[PDB]
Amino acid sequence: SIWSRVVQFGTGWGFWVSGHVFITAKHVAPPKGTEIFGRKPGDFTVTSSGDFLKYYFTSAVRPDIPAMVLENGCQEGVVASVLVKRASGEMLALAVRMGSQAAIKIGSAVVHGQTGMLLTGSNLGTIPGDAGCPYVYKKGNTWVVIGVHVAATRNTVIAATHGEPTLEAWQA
């Protein structure tokens, strides 16, 4: 039912963080100024950082869902889940062990994000166009989304992250 937040968007996918917030990969989104979800610019604002694109609608587009916590990446070693969807409607929860930050070239830009190692169990990975799918993990009792899928390397993936932490500190 968290899978219902992951929806086809542009040439990739997107995720509903809340009823007002929709995040996706910048490199798969429709052109700047395109009417989406029956909403035109003015009904929503747009912010971005690297390949992370964030839509905020003044009116709720998804009433059925509560706000999920969005955080700028996560601790290294934490096993997250990339919620991958396909055109056929197939759902693939890929376990990814998040690691260090790195840079990569997607289109005409060099973008940054937190890398991750795809975990093979004992029983394929991502394709281009899985881009925009969310990286989620459970924080004790609470679900947290930490970023959107950017790309896979030539078992390493990388997710675009976003957000200014609530806590601020110090001036060395």
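All residue numbers are counted from 1 along the displayed sequence.
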_Gap size, residue 142 back to residue 141 (deposited sequence, no coordinates)_ = none
*Count, per the entry, the deposited residues between residue 154 and residue 155 that are not modelled, and return the matching class: none, 1 to 3, 4 to 9, or 10 or more.*
1 to 3
*Output the stretch having the higher mean C-alpha B factor in the entry; the candidates are 114-122 and 66-74.*
114-122
*Once the chain's modelled residues are ordered by C-alpha B factor and cut into thirds, is residue 134 in the lowest, middle or highest one?*
lowest
*asked:* Among the modelled residues of this chain, does the Cα B factor of residue 145 put it in the lowest, middle or highest third?
replied: lowest
*residue 29 - which third its CA temperature factor falls in, relative to the rest of the chain*: middle
_residue 169 - which third its CA temperature factor falls in, relative to the rest of the chain_ = highest
